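See below for upload.pdb, which holds PDB, C-alpha atoms.
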```pdb
ATOM      1  CA  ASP A 132      83.141  73.904  90.741  1.00  0.00           C
ATOM      2  CA  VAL A 133      84.763  72.728  93.968  1.00  0.00           C
ATOM      3  CA  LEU A 134      87.713  75.027  93.847  1.00  0.00           C
ATOM      4  CA  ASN A 135      85.316  77.837  92.972  1.00  0.00           C
ATOM      5  CA  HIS A 136      83.118  76.798  95.914  1.00  0.00           C
ATOM      6  CA  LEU A 137      86.118  77.253  98.148  1.00  0.00           C
ATOM      7  CA  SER A 138      86.929  80.531  96.317  1.00  0.00           C
ATOM      8  CA  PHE A 139      90.374  79.003  95.982  1.00  0.00           C
ATOM      9  CA  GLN A 140      91.551  81.696  93.618  1.00  0.00           C
ATOM     10  CA  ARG A 141      91.101  84.277  96.410  1.00  0.00           C
ATOM     11  CA  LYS A 142      91.082  82.231  99.631  1.00  0.00           C
ATOM     12  CA  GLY A 143      93.191  79.112  99.043  1.00  0.00           C
ATOM     13  CA  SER A 144      95.965  80.797 101.024  1.00  0.00           C
ATOM     14  CA  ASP A 145      93.684  81.543 103.934  1.00  0.00           C
ATOM     15  CA  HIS A 146      92.228  78.091 104.111  1.00  0.00           C
ATOM     16  CA  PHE A 147      95.627  76.492 103.951  1.00  0.00           C
ATOM     17  CA  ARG A 148      97.043  78.892 106.516  1.00  0.00           C
ATOM     18  CA  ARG A 149      94.340  78.287 109.058  1.00  0.00           C
ATOM     19  CA  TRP A 150      94.704  74.576 108.535  1.00  0.00           C
ATOM     20  CA  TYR A 151      98.454  74.601 108.954  1.00  0.00           C
ATOM     21  CA  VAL A 152      98.218  76.630 112.133  1.00  0.00           C
ATOM     22  CA  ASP A 153      95.280  74.744 113.662  1.00  0.00           C
ATOM     23  CA  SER A 154      95.865  71.312 111.901  1.00  0.00           C
ATOM     24  CA  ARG A 155      92.214  70.825 111.303  1.00  0.00           C
ATOM     25  CA  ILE A 156      89.831  72.347 108.785  1.00  0.00           C
ATOM     26  CA  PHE A 157      86.138  71.611 108.360  1.00  0.00           C
ATOM     27  CA  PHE A 158      83.374  72.799 106.020  1.00  0.00           C
ATOM     28  CA  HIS A 159      79.640  72.401 106.209  1.00  0.00           C
ATOM     29  CA  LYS A 160      78.425  70.309 103.265  1.00  0.00           C
ATOM     30  CA  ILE A 161      75.355  71.558 101.321  1.00  0.00           C
ATOM     31  CA  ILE A 162      72.552  69.533  99.777  1.00  0.00           C
ATOM     32  CA  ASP A 163      69.140  70.556  98.353  1.00  0.00           C
ATOM     33  CA  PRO A 164      67.903  67.721  99.242  1.00  0.00           C
ATOM     34  CA  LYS A 165      64.676  67.453  97.177  1.00  0.00           C
ATOM     35  CA  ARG A 166      66.820  67.656  94.107  1.00  0.00           C
ATOM     36  CA  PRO A 167      70.002  66.422  95.889  1.00  0.00           C
ATOM     37  CA  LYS A 168      71.832  65.924  92.608  1.00  0.00           C
ATOM     38  CA  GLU A 169      72.094  69.702  92.208  1.00  0.00           C
ATOM     39  CA  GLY A 170      72.803  70.435  95.884  1.00  0.00           C
ATOM     40  CA  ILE A 171      76.578  70.895  95.984  1.00  0.00           C
ATOM     41  CA  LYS A 172      77.275  74.625  96.629  1.00  0.00           C
ATOM     42  CA  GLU A 173      79.851  76.924  98.171  1.00  0.00           C
ATOM     43  CA  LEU A 174      80.626  75.363 101.538  1.00  0.00           C
ATOM     44  CA  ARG A 175      80.904  76.985 104.956  1.00  0.00           C
ATOM     45  CA  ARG A 176      84.321  76.677 106.638  1.00  0.00           C
ATOM     46  CA  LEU A 177      83.724  75.937 110.302  1.00  0.00           C
ATOM     47  CA  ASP A 178      85.713  77.379 113.194  1.00  0.00           C
ATOM     48  CA  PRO A 179      88.229  75.435 115.311  1.00  0.00           C
ATOM     49  CA  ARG A 180      87.248  75.585 118.960  1.00  0.00           C
ATOM     50  CA  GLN A 181      83.646  75.002 117.892  1.00  0.00           C
ATOM     51  CA  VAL A 182      84.131  71.521 116.477  1.00  0.00           C
ATOM     52  CA  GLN A 183      84.747  68.087 118.015  1.00  0.00           C
ATOM     53  CA  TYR A 184      85.326  64.625 116.463  1.00  0.00           C
ATOM     54  CA  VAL A 185      83.275  61.817 118.046  1.00  0.00           C
ATOM     55  CA  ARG A 186      83.176  58.015 117.499  1.00  0.00           C
ATOM     56  CA  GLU A 187      81.162  55.268 119.202  1.00  0.00           C
ATOM     57  CA  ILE A 188      81.368  51.531 119.285  1.00  0.00           C
ATOM     58  CA  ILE A 189      78.158  49.590 119.073  1.00  0.00           C
ATOM     59  CA  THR A 190      78.745  45.841 119.200  1.00  0.00           C
ATOM     60  CA  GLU A 191      79.575  43.275 121.937  1.00  0.00           C
ATOM     61  CA  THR A 192      81.537  40.084 122.784  1.00  0.00           C
ATOM     62  CA  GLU A 193      82.828  38.216 125.874  1.00  0.00           C
ATOM     63  CA  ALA A 194      85.476  39.830 128.081  1.00  0.00           C
ATOM     64  CA  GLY A 195      85.557  42.897 125.806  1.00  0.00           C
ATOM     65  CA  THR A 196      84.061  43.719 122.389  1.00  0.00           C
ATOM     66  CA  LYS A 197      86.148  42.324 119.466  1.00  0.00           C
ATOM     67  CA  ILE A 198      83.718  42.405 116.455  1.00  0.00           C
ATOM     68  CA  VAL A 199      82.633  45.009 113.907  1.00  0.00           C
ATOM     69  CA  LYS A 200      83.213  48.171 115.863  1.00  0.00           C
ATOM     70  CA  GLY A 201      82.041  50.466 112.986  1.00  0.00           C
ATOM     71  CA  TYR A 202      82.809  53.687 115.047  1.00  0.00           C
ATOM     72  CA  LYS A 203      80.697  56.059 112.819  1.00  0.00           C
ATOM     73  CA  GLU A 204      83.157  58.976 113.478  1.00  0.00           C
ATOM     74  CA  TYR A 205      80.766  61.970 113.421  1.00  0.00           C
ATOM     75  CA  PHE A 206      81.045  65.583 114.536  1.00  0.00           C
ATOM     76  CA  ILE A 207      79.744  67.875 117.188  1.00  0.00           C
ATOM     77  CA  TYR A 208      79.528  71.616 116.483  1.00  0.00           C
ATOM     78  CA  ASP A 209      78.298  74.674 118.363  1.00  0.00           C
ATOM     79  CA  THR A 210      78.472  78.396 119.108  1.00  0.00           C
ATOM     80  CA  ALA A 211      77.994  78.964 122.821  1.00  0.00           C
ATOM     81  CA  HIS A 212      80.678  81.064 124.512  1.00  0.00           C
ATOM     82  CA  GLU A 213      81.901  82.962 121.483  1.00  0.00           C
ATOM     83  CA  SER A 214      84.070  85.386 123.472  1.00  0.00           C
ATOM     84  CA  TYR A 215      87.881  85.535 123.906  1.00  0.00           C
ATOM     85  CA  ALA A 216      89.968  87.929 121.716  1.00  0.00           C
ATOM     86  CA  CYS A 217      86.741  89.693 120.986  1.00  0.00           C
ATOM     87  CA  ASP A 218      84.426  90.494 123.847  1.00  0.00           C
ATOM     88  CA  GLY A 219      81.213  88.722 122.785  1.00  0.00           C
ATOM     89  CA  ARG A 220      77.628  88.794 124.069  1.00  0.00           C
ATOM     90  CA  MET A 221      75.057  86.039 124.167  1.00  0.00           C
ATOM     91  CA  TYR A 222      72.472  84.557 126.499  1.00  0.00           C
ATOM     92  CA  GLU A 223      72.435  81.131 128.081  1.00  0.00           C
ATOM     93  CA  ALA A 224      71.541  78.284 125.738  1.00  0.00           C
ATOM     94  CA  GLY A 225      72.220  74.591 125.191  1.00  0.00           C
ATOM     95  CA  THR A 226      73.941  73.555 121.972  1.00  0.00           C
ATOM     96  CA  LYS A 227      75.919  70.317 121.140  1.00  0.00           C
ATOM     97  CA  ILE A 228      74.785  69.704 117.480  1.00  0.00           C
ATOM     98  CA  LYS A 229      75.454  66.298 115.955  1.00  0.00           C
ATOM     99  CA  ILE A 230      76.596  66.273 112.292  1.00  0.00           C
ATOM    100  CA  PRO A 231      76.990  63.040 110.131  1.00  0.00           C
ATOM    101  CA  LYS A 232      80.521  62.309 108.872  1.00  0.00           C
ATOM    102  CA  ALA A 233      79.225  62.486 105.325  1.00  0.00           C
ATOM    103  CA  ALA A 234      77.973  66.034 106.021  1.00  0.00           C
ATOM    104  CA  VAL A 235      81.359  67.615 106.554  1.00  0.00           C
ATOM    105  CA  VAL A 236      84.418  68.206 104.428  1.00  0.00           C
ATOM    106  CA  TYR A 237      87.558  68.055 106.499  1.00  0.00           C
ATOM    107  CA  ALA A 238      91.307  67.492 106.646  1.00  0.00           C
ATOM    108  CA  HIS A 239      93.866  67.404 109.374  1.00  0.00           C
ATOM    109  CA  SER A 240      97.522  66.897 110.160  1.00  0.00           C
ATOM    110  CA  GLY A 241      99.213  63.630 111.124  1.00  0.00           C
ATOM    111  CA  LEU A 242     100.493  65.226 114.305  1.00  0.00           C
ATOM    112  CA  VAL A 243      99.093  63.694 117.473  1.00  0.00           C
ATOM    113  CA  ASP A 244      99.916  63.936 121.189  1.00  0.00           C
ATOM    114  CA  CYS A 245     101.126  61.140 123.517  1.00  0.00           C
ATOM    115  CA  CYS A 246      97.681  59.659 124.033  1.00  0.00           C
ATOM    116  CA  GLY A 247      94.174  59.814 122.708  1.00  0.00           C
ATOM    117  CA  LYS A 248      93.549  61.313 119.297  1.00  0.00           C
ATOM    118  CA  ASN A 249      94.365  64.889 120.123  1.00  0.00           C
ATOM    119  CA  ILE A 250      95.539  66.467 116.904  1.00  0.00           C
ATOM    120  CA  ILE A 251      98.152  69.205 117.279  1.00  0.00           C
ATOM    121  CA  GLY A 252      99.341  72.154 115.100  1.00  0.00           C
ATOM    122  CA  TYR A 253     102.332  72.284 112.777  1.00  0.00           C
ATOM    123  CA  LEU A 254     103.453  75.078 115.058  1.00  0.00           C
ATOM    124  CA  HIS A 255     103.258  72.824 118.086  1.00  0.00           C
ATOM    125  CA  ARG A 256     107.025  72.308 117.918  1.00  0.00           C
ATOM    126  CA  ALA A 257     107.564  76.039 118.174  1.00  0.00           C
ATOM    127  CA  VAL A 258     105.441  76.713 121.207  1.00  0.00           C
ATOM    128  CA  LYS A 259     108.173  76.136 123.716  1.00  0.00           C
ATOM    129  CA  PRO A 260     110.863  78.391 122.113  1.00  0.00           C
ATOM    130  CA  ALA A 261     108.430  80.911 120.712  1.00  0.00           C
ATOM    131  CA  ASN A 262     107.371  81.765 124.164  1.00  0.00           C
TER     132      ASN A 262
ATOM    133  CA  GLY B 418      60.687  37.494 118.064  1.00  0.00           C
ATOM    134  CA  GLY B 419      60.820  40.774 116.284  1.00  0.00           C
ATOM    135  CA  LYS B 420      57.219  41.378 117.510  1.00  0.00           C
ATOM    136  CA  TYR B 421      57.602  43.460 120.702  1.00  0.00           C
ATOM    137  CA  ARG B 422      60.372  45.661 122.107  1.00  0.00           C
ATOM    138  CA  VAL B 423      61.627  44.538 125.541  1.00  0.00           C
ATOM    139  CA  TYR B 424      62.780  47.097 128.162  1.00  0.00           C
ATOM    140  CA  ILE B 425      63.687  46.922 131.887  1.00  0.00           C
ATOM    141  CA  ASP B 426      62.489  49.086 134.731  1.00  0.00           C
ATOM    142  CA  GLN B 427      65.554  49.019 136.968  1.00  0.00           C
ATOM    143  CA  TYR B 428      63.563  50.558 139.796  1.00  0.00           C
ATOM    144  CA  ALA B 429      60.502  48.345 139.621  1.00  0.00           C
ATOM    145  CA  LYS B 430      58.904  48.283 143.045  1.00  0.00           C
ATOM    146  CA  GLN B 431      58.144  44.622 143.014  1.00  0.00           C
ATOM    147  CA  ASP B 432      57.668  42.553 139.896  1.00  0.00           C
ATOM    148  CA  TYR B 433      55.322  43.207 136.974  1.00  0.00           C
ATOM    149  CA  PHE B 434      55.124  44.115 133.317  1.00  0.00           C
ATOM    150  CA  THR B 435      53.246  46.539 131.155  1.00  0.00           C
ATOM    151  CA  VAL B 436      52.399  46.497 127.517  1.00  0.00           C
ATOM    152  CA  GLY B 437      52.294  49.692 125.550  1.00  0.00           C
ATOM    153  CA  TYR B 438      51.910  50.875 122.002  1.00  0.00           C
ATOM    154  CA  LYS B 439      53.362  53.496 119.796  1.00  0.00           C
ATOM    155  CA  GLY B 440      52.482  54.089 116.175  1.00  0.00           C
ATOM    156  CA  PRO B 441      54.720  55.395 113.307  1.00  0.00           C
ATOM    157  CA  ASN B 442      53.082  58.743 113.788  1.00  0.00           C
ATOM    158  CA  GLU B 443      54.840  60.339 116.705  1.00  0.00           C
ATOM    159  CA  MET B 444      51.580  61.934 117.854  1.00  0.00           C
ATOM    160  CA  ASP B 445      49.980  58.461 118.054  1.00  0.00           C
ATOM    161  CA  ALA B 446      51.554  57.386 121.320  1.00  0.00           C
ATOM    162  CA  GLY B 447      49.037  57.749 124.182  1.00  0.00           C
ATOM    163  CA  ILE B 448      51.695  59.423 126.324  1.00  0.00           C
ATOM    164  CA  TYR B 449      54.248  62.013 125.162  1.00  0.00           C
ATOM    165  CA  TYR B 450      56.955  64.413 126.483  1.00  0.00           C
ATOM    166  CA  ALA B 451      57.180  67.829 124.790  1.00  0.00           C
ATOM    167  CA  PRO B 452      60.262  69.977 125.683  1.00  0.00           C
ATOM    168  CA  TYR B 453      60.931  73.523 124.489  1.00  0.00           C
ATOM    169  CA  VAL B 454      63.819  74.175 126.907  1.00  0.00           C
ATOM    170  CA  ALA B 455      66.440  71.852 128.296  1.00  0.00           C
ATOM    171  CA  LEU B 456      69.679  71.604 130.222  1.00  0.00           C
ATOM    172  CA  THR B 457      70.516  75.301 130.038  1.00  0.00           C
ATOM    173  CA  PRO B 458      73.545  76.202 132.292  1.00  0.00           C
ATOM    174  CA  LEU B 459      73.775  78.928 134.878  1.00  0.00           C
ATOM    175  CA  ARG B 460      77.135  80.128 136.280  1.00  0.00           C
ATOM    176  CA  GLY B 461      78.494  82.842 138.617  1.00  0.00           C
ATOM    177  CA  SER B 462      79.496  83.468 142.264  1.00  0.00           C
ATOM    178  CA  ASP B 463      78.016  85.132 145.356  1.00  0.00           C
ATOM    179  CA  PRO B 464      80.055  88.298 146.388  1.00  0.00           C
ATOM    180  CA  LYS B 465      79.062  87.967 150.007  1.00  0.00           C
ATOM    181  CA  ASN B 466      81.755  85.282 150.251  1.00  0.00           C
ATOM    182  CA  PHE B 467      82.562  84.945 146.568  1.00  0.00           C
ATOM    183  CA  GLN B 468      81.940  81.276 146.560  1.00  0.00           C
ATOM    184  CA  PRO B 469      80.857  79.913 143.190  1.00  0.00           C
TER     185      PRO B 469
ATOM    186  CA  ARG C 366      27.099  16.248 106.640  1.00  0.00           C
ATOM    187  CA  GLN C 367      23.964  18.290 106.853  1.00  0.00           C
ATOM    188  CA  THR C 368      24.348  20.229 103.615  1.00  0.00           C
ATOM    189  CA  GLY C 369      25.831  17.965 100.986  1.00  0.00           C
ATOM    190  CA  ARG C 370      27.540  21.007  99.486  1.00  0.00           C
ATOM    191  CA  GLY C 371      31.040  20.737 101.006  1.00  0.00           C
ATOM    192  CA  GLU C 372      32.781  21.045 104.399  1.00  0.00           C
ATOM    193  CA  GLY C 373      33.391  24.169 106.424  1.00  0.00           C
ATOM    194  CA  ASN C 374      36.070  26.490 105.023  1.00  0.00           C
ATOM    195  CA  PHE C 375      36.016  29.703 107.055  1.00  0.00           C
ATOM    196  CA  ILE C 376      35.831  30.826 110.624  1.00  0.00           C
ATOM    197  CA  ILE C 377      34.634  34.001 112.272  1.00  0.00           C
ATOM    198  CA  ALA C 378      35.830  34.284 115.810  1.00  0.00           C
ATOM    199  CA  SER C 379      36.546  36.433 118.812  1.00  0.00           C
ATOM    200  CA  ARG C 380      39.995  37.921 119.178  1.00  0.00           C
ATOM    201  CA  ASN C 381      40.798  35.354 121.848  1.00  0.00           C
ATOM    202  CA  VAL C 382      40.202  32.492 119.456  1.00  0.00           C
ATOM    203  CA  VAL C 383      42.542  33.911 116.950  1.00  0.00           C
ATOM    204  CA  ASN C 384      45.310  34.867 119.320  1.00  0.00           C
ATOM    205  CA  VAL C 385      45.300  31.228 120.485  1.00  0.00           C
ATOM    206  CA  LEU C 386      45.925  30.088 116.926  1.00  0.00           C
ATOM    207  CA  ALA C 387      48.546  32.678 116.101  1.00  0.00           C
ATOM    208  CA  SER C 388      50.565  31.542 119.120  1.00  0.00           C
ATOM    209  CA  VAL C 389      50.580  27.865 118.164  1.00  0.00           C
ATOM    210  CA  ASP C 390      51.385  25.409 115.403  1.00  0.00           C
ATOM    211  CA  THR C 391      48.007  24.333 114.139  1.00  0.00           C
ATOM    212  CA  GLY C 392      49.355  21.721 111.745  1.00  0.00           C
ATOM    213  CA  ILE C 393      49.853  18.115 112.702  1.00  0.00           C
ATOM    214  CA  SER C 394      52.704  17.846 115.117  1.00  0.00           C
ATOM    215  CA  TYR C 395      54.008  16.926 118.515  1.00  0.00           C
ATOM    216  CA  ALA C 396      53.477  20.148 120.486  1.00  0.00           C
ATOM    217  CA  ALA C 397      53.769  23.835 119.696  1.00  0.00           C
ATOM    218  CA  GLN C 398      53.496  27.266 121.299  1.00  0.00           C
ATOM    219  CA  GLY C 399      55.105  30.739 121.389  1.00  0.00           C
ATOM    220  CA  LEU C 400      54.424  34.322 120.306  1.00  0.00           C
ATOM    221  CA  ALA C 401      51.262  35.164 118.392  1.00  0.00           C
ATOM    222  CA  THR C 402      52.701  35.402 114.878  1.00  0.00           C
ATOM    223  CA  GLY C 403      50.819  32.817 112.721  1.00  0.00           C
ATOM    224  CA  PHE C 404      47.853  35.103 111.983  1.00  0.00           C
ATOM    225  CA  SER C 405      47.202  38.756 112.304  1.00  0.00           C
ATOM    226  CA  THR C 406      45.473  39.219 115.623  1.00  0.00           C
ATOM    227  CA  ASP C 407      44.888  42.882 115.080  1.00  0.00           C
ATOM    228  CA  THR C 408      41.766  44.515 113.642  1.00  0.00           C
ATOM    229  CA  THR C 409      43.469  47.757 112.855  1.00  0.00           C
ATOM    230  CA  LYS C 410      44.806  46.670 109.485  1.00  0.00           C
ATOM    231  CA  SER C 411      42.362  43.936 108.576  1.00  0.00           C
ATOM    232  CA  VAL C 412      39.695  41.597 109.774  1.00  0.00           C
ATOM    233  CA  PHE C 413      41.135  38.716 107.948  1.00  0.00           C
ATOM    234  CA  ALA C 414      43.634  37.056 110.182  1.00  0.00           C
ATOM    235  CA  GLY C 415      44.875  34.353 107.814  1.00  0.00           C
ATOM    236  CA  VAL C 416      44.175  30.812 106.662  1.00  0.00           C
ATOM    237  CA  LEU C 417      44.170  28.073 109.274  1.00  0.00           C
TER     238      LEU C 417
END
```
Structure rendered as structure tokens:
Amino acid sequence: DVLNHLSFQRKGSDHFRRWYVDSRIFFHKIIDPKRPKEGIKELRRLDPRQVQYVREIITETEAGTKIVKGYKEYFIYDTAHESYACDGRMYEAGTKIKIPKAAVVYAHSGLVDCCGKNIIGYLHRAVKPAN
Amino acid sequence: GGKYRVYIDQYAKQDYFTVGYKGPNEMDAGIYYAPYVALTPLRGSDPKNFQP
Amino acid sequence: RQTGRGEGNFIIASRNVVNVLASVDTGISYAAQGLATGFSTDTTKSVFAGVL
């Protein structure tokens, strides 16, 4: 059911390609939820540039917090300024939607920059010489 | 003691406390804030001097 | 004394006389006070506060 949900047989190549290029892929996870047991359905791949990974520490000790820093690790996702390679139109609106970690299917590369947790593309190596 | 929530008014004018109540029913609060629009950005520049 | 049927076994009292019990240890002891938790002091959920 899962590979059919992803339409793997027609789109596996596209999902993989976007992931390779961007190094992050996400899908919105579906649930009924009145009859949650039957809720898994074809998922919605989410766009890069609209998604951000966010974690928070809630716990405290002396001279810095050194106890169960659970982090949560949830996501933020929005629309907003959907205009770049396509000249888009929209009005002004606030967005910033918070999505539970459990609510999203996602994978990413092991390629990270010098600091932080900024995940980079498999093509990152090629940017210099490509240009 | 698990009985009442304790909060601080960092701008209290002098020294004092107030006791409130809020029920499980969000409507049952005495006082409420009810937004329908918030924090919506505005951006551009003024051509008379083109400053943002 | 005056009845010959048994000693008092219930109390009906103002809220103030219940709050004062809820906040203290009414058993036999040295000293005792704090938050009003021993009895319900509300009227919203019951009338019966508890057994002293």
Interface rows for chain B against region 381-401 of chain C: nearest pair, Å to one decimal, 10 Å, all atoms listed in the file, as a Markdown table:
```
| residue | atom | partner | partner_atom | distance |
| --- | --- | --- | --- | --- |
| B:418 | CA | C:400 | CA | 7.4 |
| B:419 | CA | C:400 | CA | 9.9 |
| B:420 | CA | C:400 | CA | 8.1 |
| B:421 | CA | C:400 | CA | 9.7 |
```
Ranking B:459, B:448, B:454, B:436 by minimum distance to residue 424 (chain B) and counting only C-alpha atoms, which one comes first?
B:436
In Å, how far is it from CA of residue 198 (chain A) to CA of residue 182 (chain A)?
29.1 Å
Selection near residue 453 (chain B), 12 Å with all atoms listed in the file, sequence-local residues under 4 positions removed, as a VMD selection string
(chain A and resid 224 to 225) or (chain B and resid 457)
Looking at A:262, A:226, A:181, A:249, which one is nearest to chain B, with distances taken over all atoms listed in the file?
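Ranked by minimum distance to chain B, first place goes to A:226.
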Residue with smallest distance to chain B - pool C:367, C:405, C:374, C:411, counting only C-alpha atoms
C:405
Any chance you could work out the residue set of the PyMOL selection byres ((chain A and resi 250-256) around 10) here, as number ranges by chain?
A: 149-155, 239-244, 247-249, 257-261
I'd like to see the residues matched by the PyMOL selection byres ((chain C and resi 416) around 10) on this file, and ideally I'd get them as a CSV table (one decimal) with C-alpha atoms, in the coordinates of the input.
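Once written, selection-v9.csv looks like this:
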```csv
chain,number,residue,atom,x,y,z
C,374,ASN,CA,36.1,26.5,105.0
C,375,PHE,CA,36.0,29.7,107.1
C,376,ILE,CA,35.8,30.8,110.6
C,403,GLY,CA,50.8,32.8,112.7
C,404,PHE,CA,47.9,35.1,112.0
C,413,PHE,CA,41.1,38.7,107.9
C,414,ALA,CA,43.6,37.1,110.2
C,415,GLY,CA,44.9,34.4,107.8
C,417,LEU,CA,44.2,28.1,109.3
```
Since the input is missing atoms for region 398-413 of chain C, could you rebuild it with N, CA, C and O atoms and give the result as a PDB file, in the frame of the given file?
```
ATOM      1  N   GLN C 398      53.984  25.971 120.825  1.00  0.00           N
ATOM      2  CA  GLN C 398      53.496  27.266 121.299  1.00  0.00           C
ATOM      3  C   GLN C 398      54.600  28.318 121.377  1.00  0.00           C
ATOM      4  O   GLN C 398      55.775  27.991 121.608  1.00  0.00           O
ATOM      5  N   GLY C 399      54.206  29.586 121.274  1.00  0.00           N
ATOM      6  CA  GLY C 399      55.105  30.739 121.389  1.00  0.00           C
ATOM      7  C   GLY C 399      54.334  32.019 121.119  1.00  0.00           C
ATOM      8  O   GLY C 399      53.147  32.101 121.422  1.00  0.00           O
ATOM      9  N   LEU C 400      55.020  33.023 120.601  1.00  0.00           N
ATOM     10  CA  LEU C 400      54.424  34.322 120.306  1.00  0.00           C
ATOM     11  C   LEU C 400      53.353  34.241 119.232  1.00  0.00           C
ATOM     12  O   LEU C 400      53.466  33.489 118.262  1.00  0.00           O
ATOM     13  N   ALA C 401      52.352  35.089 119.352  1.00  0.00           N
ATOM     14  CA  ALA C 401      51.262  35.164 118.392  1.00  0.00           C
ATOM     15  C   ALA C 401      51.669  35.766 117.052  1.00  0.00           C
ATOM     16  O   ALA C 401      51.525  36.974 116.814  1.00  0.00           O
ATOM     17  N   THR C 402      52.219  34.921 116.177  1.00  0.00           N
ATOM     18  CA  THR C 402      52.701  35.402 114.878  1.00  0.00           C
ATOM     19  C   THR C 402      52.059  34.733 113.650  1.00  0.00           C
ATOM     20  O   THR C 402      52.169  35.249 112.538  1.00  0.00           O
ATOM     21  N   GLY C 403      51.402  33.583 113.830  1.00  0.00           N
ATOM     22  CA  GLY C 403      50.819  32.817 112.721  1.00  0.00           C
ATOM     23  C   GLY C 403      49.737  33.541 111.914  1.00  0.00           C
ATOM     24  O   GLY C 403      49.604  33.327 110.710  1.00  0.00           O
ATOM     25  N   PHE C 404      48.949  34.362 112.583  1.00  0.00           N
ATOM     26  CA  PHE C 404      47.853  35.103 111.983  1.00  0.00           C
ATOM     27  C   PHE C 404      47.900  36.526 112.453  1.00  0.00           C
ATOM     28  O   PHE C 404      48.397  36.799 113.546  1.00  0.00           O
ATOM     29  N   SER C 405      47.340  37.451 111.697  1.00  0.00           N
ATOM     30  CA  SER C 405      47.202  38.756 112.304  1.00  0.00           C
ATOM     31  C   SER C 405      46.186  38.614 113.407  1.00  0.00           C
ATOM     32  O   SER C 405      45.161  37.961 113.226  1.00  0.00           O
ATOM     33  N   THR C 406      46.432  39.240 114.535  1.00  0.00           N
ATOM     34  CA  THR C 406      45.473  39.219 115.623  1.00  0.00           C
ATOM     35  C   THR C 406      44.923  40.603 115.822  1.00  0.00           C
ATOM     36  O   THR C 406      44.213  40.874 116.792  1.00  0.00           O
ATOM     37  N   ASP C 407      45.328  41.515 114.949  1.00  0.00           N
ATOM     38  CA  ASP C 407      44.888  42.882 115.080  1.00  0.00           C
ATOM     39  C   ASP C 407      43.578  43.031 114.324  1.00  0.00           C
ATOM     40  O   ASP C 407      43.120  42.076 113.706  1.00  0.00           O
ATOM     41  N   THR C 408      42.999  44.219 114.346  1.00  0.00           N
ATOM     42  CA  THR C 408      41.766  44.515 113.642  1.00  0.00           C
ATOM     43  C   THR C 408      41.963  45.833 112.960  1.00  0.00           C
ATOM     44  O   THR C 408      41.140  46.293 112.163  1.00  0.00           O
ATOM     45  N   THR C 409      43.077  46.441 113.330  1.00  0.00           N
ATOM     46  CA  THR C 409      43.469  47.757 112.855  1.00  0.00           C
ATOM     47  C   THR C 409      43.733  47.737 111.361  1.00  0.00           C
ATOM     48  O   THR C 409      43.311  48.636 110.635  1.00  0.00           O
ATOM     49  N   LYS C 410      44.441  46.718 110.892  1.00  0.00           N
ATOM     50  CA  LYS C 410      44.806  46.670 109.485  1.00  0.00           C
ATOM     51  C   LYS C 410      43.888  45.799 108.647  1.00  0.00           C
ATOM     52  O   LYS C 410      43.806  45.961 107.431  1.00  0.00           O
ATOM     53  N   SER C 411      43.231  44.850 109.279  1.00  0.00           N
ATOM     54  CA  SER C 411      42.362  43.936 108.576  1.00  0.00           C
ATOM     55  C   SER C 411      41.367  43.331 109.507  1.00  0.00           C
ATOM     56  O   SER C 411      41.188  43.793 110.622  1.00  0.00           O
ATOM     57  N   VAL C 412      40.657  42.348 109.006  1.00  0.00           N
ATOM     58  CA  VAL C 412      39.695  41.597 109.774  1.00  0.00           C
ATOM     59  C   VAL C 412      40.137  40.195 109.551  1.00  0.00           C
ATOM     60  O   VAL C 412      39.871  39.276 110.323  1.00  0.00           O
ATOM     61  N   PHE C 413      40.701  40.019 108.369  1.00  0.00           N
ATOM     62  CA  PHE C 413      41.135  38.716 107.948  1.00  0.00           C
ATOM     63  C   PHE C 413      42.444  38.449 108.612  1.00  0.00           C
ATOM     64  O   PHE C 413      43.393  39.221 108.468  1.00  0.00           O
TER      65      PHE C 413
END
```
